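Next come the chains, spelled out residue by residue.
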Amino acid sequence: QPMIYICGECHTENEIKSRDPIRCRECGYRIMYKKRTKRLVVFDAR
Amino acid sequence: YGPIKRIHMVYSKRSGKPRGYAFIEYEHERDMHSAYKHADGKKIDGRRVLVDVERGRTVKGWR
Amino acid sequence: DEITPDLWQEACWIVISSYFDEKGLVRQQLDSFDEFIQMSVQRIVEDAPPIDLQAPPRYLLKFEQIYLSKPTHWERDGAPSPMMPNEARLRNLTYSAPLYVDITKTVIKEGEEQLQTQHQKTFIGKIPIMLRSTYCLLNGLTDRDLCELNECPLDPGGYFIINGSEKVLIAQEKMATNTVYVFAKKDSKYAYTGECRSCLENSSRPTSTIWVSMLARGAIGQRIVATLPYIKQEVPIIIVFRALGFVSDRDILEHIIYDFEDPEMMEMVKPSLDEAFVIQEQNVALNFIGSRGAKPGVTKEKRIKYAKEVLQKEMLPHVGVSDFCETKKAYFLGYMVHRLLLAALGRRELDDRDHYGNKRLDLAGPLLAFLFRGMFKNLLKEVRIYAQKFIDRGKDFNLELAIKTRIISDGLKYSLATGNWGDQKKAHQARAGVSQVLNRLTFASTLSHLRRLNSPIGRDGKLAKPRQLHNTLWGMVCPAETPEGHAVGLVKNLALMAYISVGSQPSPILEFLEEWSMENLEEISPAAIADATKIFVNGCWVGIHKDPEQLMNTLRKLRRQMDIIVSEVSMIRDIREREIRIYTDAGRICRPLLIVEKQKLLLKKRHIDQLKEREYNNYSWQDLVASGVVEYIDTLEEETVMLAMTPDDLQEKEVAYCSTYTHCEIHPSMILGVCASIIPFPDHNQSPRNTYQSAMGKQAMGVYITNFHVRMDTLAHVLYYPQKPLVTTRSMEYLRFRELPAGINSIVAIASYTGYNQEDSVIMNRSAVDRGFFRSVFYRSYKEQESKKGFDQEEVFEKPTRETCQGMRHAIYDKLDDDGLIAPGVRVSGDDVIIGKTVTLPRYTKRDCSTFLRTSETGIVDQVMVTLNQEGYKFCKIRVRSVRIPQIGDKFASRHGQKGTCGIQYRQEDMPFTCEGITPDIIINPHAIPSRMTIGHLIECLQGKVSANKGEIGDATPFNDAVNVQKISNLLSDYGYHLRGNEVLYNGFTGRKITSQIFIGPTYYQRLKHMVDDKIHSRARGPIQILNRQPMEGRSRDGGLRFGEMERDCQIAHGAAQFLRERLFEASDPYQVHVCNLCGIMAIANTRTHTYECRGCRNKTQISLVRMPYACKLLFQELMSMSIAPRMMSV
Amino acid sequence: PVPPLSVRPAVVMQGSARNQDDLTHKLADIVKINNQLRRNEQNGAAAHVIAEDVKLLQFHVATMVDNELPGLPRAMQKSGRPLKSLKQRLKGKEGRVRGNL
Amino acid sequence: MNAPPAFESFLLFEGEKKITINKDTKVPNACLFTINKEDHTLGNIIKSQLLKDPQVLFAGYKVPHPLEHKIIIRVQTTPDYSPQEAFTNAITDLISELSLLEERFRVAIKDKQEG
Amino acid sequence: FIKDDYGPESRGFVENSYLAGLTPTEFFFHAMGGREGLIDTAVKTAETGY
Amino acid sequence: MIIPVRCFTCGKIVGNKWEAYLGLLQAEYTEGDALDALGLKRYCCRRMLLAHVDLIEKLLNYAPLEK
RNA sequence: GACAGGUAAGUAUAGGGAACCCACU
Ligand SMILES: [Zn+2]
Ligand SMILES: [Zn+2]
Ligand SMILES: [Zn+2]
């Protein structure tokens, strides 16, 4: 529901909703990134 | 928004620290007017900035 | 003051250091693009003729000047934005800046009333901007600034970004224009043929190619005839001269021959006079030419007018196009004929087509100039049509509406995207290949791609002559680097020091010549020609001279002083002939060379010291060039230059070989290219192995770019632990291999061990692999976008649910999020949905259009980026990283053409070991070396051991006498090792010593992108093609392997008829049909009702089932479409 | 003759707009010319325009059979991309016979 | 994707016999011991000990395939002796070797530590 | 090289062994030879296939 | 990009040596002297140190994706 | 009216093509 994205320029967190035009509310910058998942992740140290 | 003829960063007269505001002179008046609406609210270096035509020498009775 | 040889090594290398600091590696690309933007665009605009219209009202519409902004991008609100080059890459934008012009529309209706209005900065399109160029926004940015902008400082630029795809323009070879080349073609009806591809400085008209052939012997003599543009027949040369206005045979021979005392020439030309005698008048000759024209005009007047136009404009344009240029044209034609006569009599050698000095390299400058010229012509035509149609009704028009910026913008984008250099509609007629996608596999690959060259000859040609390496290519093109495939010899690369001229105006040179004793061609009389020296400037014979020696001395002095003649200009004096040719053309390749006077270099210890202190005193390579110690030389000038390897040649000798040197190599190793440079001891290998290494280096994995962490490149490979090679050619200092090494130094033992390394295979240390040896990561970028093309049907990212959407596989969508996008740090397998997308239909009202992970692949989602494409649509790119541990089948290679797959991996205890605990990381069968002649490999291993023990970096610069095997062996022995690198190894399994002593030592290896995991593939009844029901193609589509024609033939030889039948019919596309027994045609068979009917015979009982391949059925149907009856007699 | 859909299959596109075969487009052109000529016949039309329609129909049919006859213009699908005639389908390597049989 | 798990080298899979015995019919008193999840270490020590044994007419080992972790030991004894007995005694002697070496190494390490 | 030189070095005779290394001219000539071989391969492949 | 933790060949820990090696180099020791001081006898480890290129600084030159 | 807590009733937990280019054996 929240869908926090990190803006490329200002590196700011911000919610984005579906159908919402992609634009950082803070800097008007159109490139964002999904935050690292919360799922459990493991790596055998091989 | 357009080519910049000159850029002026104001500094403290005695302390020398950056004031935080500057005057930008574009080559064409239209480039300025094009920037008036879009520039206001921009984010430079993580801090929001506002932009309005400098009225210090345009608006009568401005200070 | 001088430089002793010991100092000379370091001195020459300092010189090269300064050169590369000044220039960079893609200097030719950047300079060509900068010159294009700066000069050529304005030149084209001015050359464009103003458009006048008549409805009466007449308009002018003349263009004045161009103004080019910087790369800018607008959103819906109209906000221009500075597109980070990274931003364009990410959002699939195009890095281009808007272009503008000034237009003056003057109207006249009556009473010469001028309505001159001017519209300034009229937007006319966008021009893609080569990165790092003058006009790119990254120009002159500090390394800190680039790091801030997320741009690798080492990135050389020199490429465009079209829709986020990096593109690079490959220089295209071509015959030099404005030149006379005589070729002997016995195969044709011509004993010899002079040819000139004349072409004005800048002209939308392509090069006009004119031929002057001599008919093969066998009425009485041999006749000379010229083929002209827009003429389908040859013309007697005397007829051409008379048309030019020279009836007196005395005058014609004065123009052609210059020494009438040559009865050989004069008799040989007599037959042409005999052939062309009746036409004695210029008007008669013009009428003759007009009649010979493609569409001769019935009127003799119009025929003569057409012929005169053809002569004045289409013939030797570079000589002139204006009237009164007839004397110049006649003199040039006479010179061409003179060359033909000399070649025919053998007095002058035939020109060699492959001689590289007779070629030019269209860099991004000229190519874009040509494209833009065509596109500007189209834009002017469209504006003309628009204005004409509006003024036809008396009403005026708006030039702004008339202008279609889309013409220029879309044409440039399409050309640079598809590589089809030409109009979009003429895709086939255009030549593809140009504008390849930049190869970002490694830094070496990228540099080689940026410095690539291409021959447009065509891969289909089987002529080995053009493909062969040519002598002229010395120092200009890397002799080793070349594709080994069908394109061998056709695609080349620039030698390190190579450089391509961007061209320049010859006006100052002409002015200096006029000031000088040079005499104008028209001014002089024919007599003086015989002894004087002709002077050509870009093929334009301007005049003659009387003291060519001192004239050349003056020219060279001027160029060295950088006064009137820029460095690029080339000057050649053919002493045996009487010609001096000066070239300021663009595309002329050229390399620097140290000047030699008497027998001493002009370079001096003071110059070396100033260069050493270049950082502070700011002394630079440009300052060297200005001082005139060094000088650029192209191939044509090289033909006359006498050159020395090193100052050692200048050193006096008991028997002086030359004693008259004029130049000296900066360093012989410079003749190599980027890829060939990384080879240590290349001069100790069989050349084909150097050629192979030139490509395996491009494939090596490393750190292709510093800022890879942000680039969402489609495919990328990154090695975990790159290492600069222990043995390094000095040249890699400038390839920056140290910054971005691609490979690891590995202890390699060249021994036979369990046989698993046989036949170009290599055993690998499993323990090393566990410790991270050659481990790498493979990044793959998927991209998707939701399109709202139509209200009826639109796409959306979401986490679809079976109850609503219908087209769901059994794959689980839980990995997705509420936005239809997977999140970083999420494990993923093949055929696993990663971008949940849906489309609104015209299990209801929604069809799945999700993007799954590629089959058989696996990894973890590196990161996700969400943007809006050019049309605001949501557009997501997902980069997924998979850790590739080297394993059996993965490709590895040394720097010496020695590649192999990992046959097997043995743990450390299994691997053999020295008296010390050392075990080889890799073992390679000795059988590679004998036939391969990769002695450089062994020398590299030896010196690597030496350097590792010594705590230094070995120097494997190719032609370095100071380093040799004996010295290396002595050094190695000094460190308590066998002087030849051998060692006593113990079998790992049994501990027993090995009767032989194994050669072992460090060596730089590199892991090539081709891994077994990306090639393994298998199929059992997968999806099939739609047209024919045969198995799909390609492993990405779960395709099937091709049982080809030779496989069929081999099975035929085996006699395995049943296996062949299974392979081609039952395992590919079994099919059944019903056929009328009477007419033998497929019949309608409703198997449900068992209703079998042939309409033609109206029968129903006499139908036979027949099993055949679906491909055969399709073939029969296609034939019957061709109206053939492949009747099918089951009886 | 008119080959069936299977010979000239139309592929349902990612967009709802189905994509038609090259043979389908050529047949559409031929049908258009045929209907035009049939109209110009059923209603009196200049013998010259009748001849022109005949010439165009002949060219279209000939290209459909083979889109490589020397001298003649090449049938051009759109954006200047030449069609693929049946003769080209069957011509050589990568064809029905060598490529698929 | 096909890479076998590392533990597979030494971990007996479910229902795997550690060692299997067969009689080499070609000659008498000859046995083949197929040992799973073992390698040249054990193969070589056992072969050397058996060779030391005089009654052993034949003793040796081999690895049928390096990618597989199985070894085969062929042992032929005199008629008055059993390959099984020879194998057992060789293992016992190697165990005694290891015990003696262990204690002597302990003594030496201690003594070096004191000085 | 001086003009009209028909000597071994001038016309491309490699007087040095692979171990001894090659002077730049010899290296260039050897590259020419290798290129000849590669071209021969790349053409004979298609000729013989046909 | 970063100094490997172990020598690939023999497995000797070297990850805790890169900073000291750089310190010695700026202390003007020759590379061989620095390796000897760190104790890297085997030329496998000597290679591990000599040939290493620490790209991690260039990587760190870029700002993180997140503030 | 709003808002915070609880009880009851209903809902929700089928596959492309061509072209071109690059690279590979
Ligand atoms: Zn932001
Ligand atoms: Zn029938
Ligand atoms: Zn080590």
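Summary of conventions: residues on each chain are numbered from 1 in written sequence order, possibly unlike the entry numbering, and any residue without coordinates is omitted from what is shown. Following the order in which they are written, the chains are lettered starting with A and the ligands numbered starting with 1. Any value quoted here refers to the chains shown, not to the larger assembly they are part of. Processing note: side-chain calculations cover all non-hydrogen atoms of the structure and skip hydrogens and water entirely.

The title given for this PDB entry is "Structure of the transcribing Pol II-DSIF-SPT6-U1 snRNP complex". The UniProt entry for chain G carries this comment under Function (unreviewed entry): "DNA-dependent RNA polymerase catalyzes the transcription of DNA into RNA using the four ribonucleoside triphosphates as substrates. Common component of RNA polymerases I, II and III which synthesize ribosomal RNA precursors, mRNA precursors and many functional non-coding RNAs, and a small RNAs, such as 5S rRNA and tRNAs, respectively." UniProt positions are given in the numbering used here, feature names are shortened, and annotations may be inferred rather than shown by experiment. On record in UniProt, under Subcellular location (unreviewed entry), the comment for chain G is "Nucleus".

Taken from UniProt, the Sequence similarities (unreviewed entry) comment for chain C reads in full: "Belongs to the RNA polymerase beta chain family." The record in UniProt for chain C states the following under Cofactor (unreviewed entry): "Mg(2+)".

(A) Representation of empty space enclosed by the protein within the structure. All names here are of chain C. Any residue with an atom within 4 Å of a point lines the site, the site being either a cavity, points on a 1 Å grid over the protein atoms alone where a 1.4 Å probe fits but cannot get out, or a pocket, an open set with protein on both sides within 12 Å along at least 5 of 7 lines. Grid points are joined across faces, edges and corners, and a volume is the space filled by probe spheres set on the points. Considering only enclosed or pocket space, the largest cavity measures out at about 100 Å³ in volume. Together, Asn757, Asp760, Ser761, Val762, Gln898, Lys899, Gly900, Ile924, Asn925, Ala928, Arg932 and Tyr1005 line the largest cavity. Secondary structure elements are defined from DSSP: runs of H or I of at least 4 residues count as helices, runs of E of at least 2 residues count as strands, and each element is numbered from the N terminus. Among the secondary structure elements, those contributing two or more residues to the lining of the largest cavity are β35 (761-765), β46 (899-906) and α28 (928-932). The residue makeup of the lining of the largest cavity, split by class, is four nonpolar, five polar and three charged. Throughout this entry, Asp, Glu, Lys and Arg are counted as charged residues, while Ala, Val, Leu, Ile, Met, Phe, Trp, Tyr, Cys and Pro are counted as nonpolar. The remaining residues, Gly among them, count as polar.

(B) Highlighting the UniProt feature "binding site: Zn(2+)" (unreviewed entry) in chain C. Residues and elements named next belong to chain C. As recorded in UniProt, the sites labelled "binding site: Zn(2+)" (unreviewed entry) are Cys1076, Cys1079, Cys1094 and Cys1097. Their sequence span is 22 residues, while the largest C-alpha to C-alpha distance among them is just 8.6 Å; these annotated residues converge on one region. By the secondary structure assignment, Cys1079 is in the loop between β51 (1070-1076) and β52 (1084-1086). Whether two residues touch is decided by their heavy atoms; if any such pair falls within 4.5 Å, the residues are in contact. Residues in contact with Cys1079, not counting those within four places in the same chain, are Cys1094, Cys1097, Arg1127 and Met1129. Relative to the helices and strands, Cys1094 is located in the loop between β53 (1091-1093) and β54 (1103-1109).

(C) Representation of the UniProt feature "binding site: Zn(2+)" (unreviewed entry) in chain G within the structure. Those places that UniProt annotates as "binding site: Zn(2+)" (unreviewed entry) correspond, in this numbering, to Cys7, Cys10, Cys44 and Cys45 of chain G. These annotated residues cover 39 residues of sequence, and their C-alpha atoms all fall within 7.8 Å of one another, placing them together at a single site. Along the chain, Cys10 of chain G turns up in the segment before α1 (18-26). Each residue is placed in one exposure class: buried if its accessible area under a 1.4 Å probe, protein chains only, is under 20% of its type's maximum, exposed if it is over 50%, and partly exposed if it falls in between. Under the relative-accessibility criterion, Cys10 of chain G is labelled buried at 16%. Discounting chain neighbours no more than four positions away, the residues touching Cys10 of chain G are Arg771 and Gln908 of chain C together with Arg42, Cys44 and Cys45 of chain G. For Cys44 of chain G, the position within the fold is in helix α3 (residues 43-50). Take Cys44 of chain G: its relative accessible area is 0%, and that puts it in the buried class.

(D) Spotlight on the packing of helix α25 (residues 687-699) of chain C against helix α2 (residues 24-49) of chain F. Fitting a line to C-alpha atoms yields each axis, with helices limited to the stretch in contact; the angle taken between N-to-C directions then spans 0 to 180 degrees. Between α25 of chain C and α2 of chain F, the shortest axis-to-axis distance is 8 Å and the interhelical angle comes to 75°. The orientation of α25 of chain C relative to α2 of chain F falls into the category roughly perpendicular. Across the interface between the two elements, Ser687, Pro688, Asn690, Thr691 and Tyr692 of chain C of α25 of chain C pack against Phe27, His30, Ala31, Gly34 and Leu38 of chain F of α2 of chain F. Per-class residue counts for the contact of α25 of chain C with α2 of chain F are five nonpolar, five polar and no charged. Roughly parallel refers to an angle under 35 degrees, roughly antiparallel to one over 145, roughly perpendicular to one between 65 and 115, and oblique to any angle outside these ranges.

(E) View of the arrangement of the chains. In this assembly, nine pairs of chains are in contact, and the pair contributing the most contacts is chains C and G. Kept free of each other, chain A and chain F leave a smallest C-alpha distance of 43 Å between them. If you take every C-alpha in chain F and every C-alpha in chain G, the smallest gap between them is 25 Å, and the two do not touch.

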